[PDB]
Amino acid sequence: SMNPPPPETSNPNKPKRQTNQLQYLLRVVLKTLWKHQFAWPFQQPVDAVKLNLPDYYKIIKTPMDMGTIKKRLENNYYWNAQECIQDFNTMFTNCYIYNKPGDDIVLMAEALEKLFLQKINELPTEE
Ligand SMILES: COc1nc2c(Nc3ccccc3C(C)(C)C)c(C(=O)O)cnc2cc1-c1c(C)noc1C
């Protein structure tokens with residue numbers, strides 16, 4: 042089995058918290074990206090077996106995807122907004138590292154990232 046286990050989406054020992062910033066990240070940021078027409082390749086972990094990408098998990102050692110992020114938010118896995126923002130950045134970065142500049146998947150990622158940055162620019166203050 043050449044896929045690694047997916048990133049954890051819950052952990053009984055990791056402290057849980059709900060902030061208005063994390064609620065914004067689920068209700069506005071994640072929702073906006075999730076339903077976007079280019080979202081689908083990013084909605085679940087990269088299945089390197091089914092996609093026939095043997096070298097993927099030899100190159101990408103910190104995988105991340107929006108399915109994982111969605112579940113983390115729904116499970117109150119994050120303590121703060123920065124943890125979640127970091128996961129989005131990891132997802133985009135992995136795509137830019139593994140794929141060639143100008144590839145369709147890169148253009149899809151760039152479009153989602155632009156939308157992401159717009160919404161993060163409008164992050165609300167802590168209540
Ligand atoms: C190439 O990047 C991906 N492609 C798919 C994918 N389809 C696919 C397969 C080969 C070539 C091109 C594609 C397109 C997405 C451009 C159509 C599928 C699928 O067909 O179900 C699923 N997950 C992916 C993740 C990725 C992906 C992401 C996201 N980041 O790196 C990779 C690699």
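Just add 41 to wherever you are in the sequence shown, counting from 1, and you've got PDB author numbering. Every residue gets a Cβ at the ideal spot worked out from N, C-alpha and C, and that includes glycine.
Exposed is the label assigned to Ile100, since fewer than 16 other Cβ atoms lie within 10 Å of its Cβ. In this structure, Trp120 is the residue among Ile161, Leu158, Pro45 and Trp120 with its C-alpha nearest to the C-alpha of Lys55. In this structure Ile146 touches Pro82 by the C-beta definition: roughly 6 angstroms separates them, less than 8 angstroms. Contact annotation, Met149 with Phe79: C-beta distance approximately 4 angstroms; criterion of less than 8 angstroms satisfied.
Check the Cα spacing between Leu164 and each of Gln84, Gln59, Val69 and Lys141: the tightest is with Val69. Annotation for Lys160: the continuous alpha helix (DSSP H) segment containing it runs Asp145 to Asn162. Distance between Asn140 and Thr134, taken at the CA atoms: about 10 angstroms.
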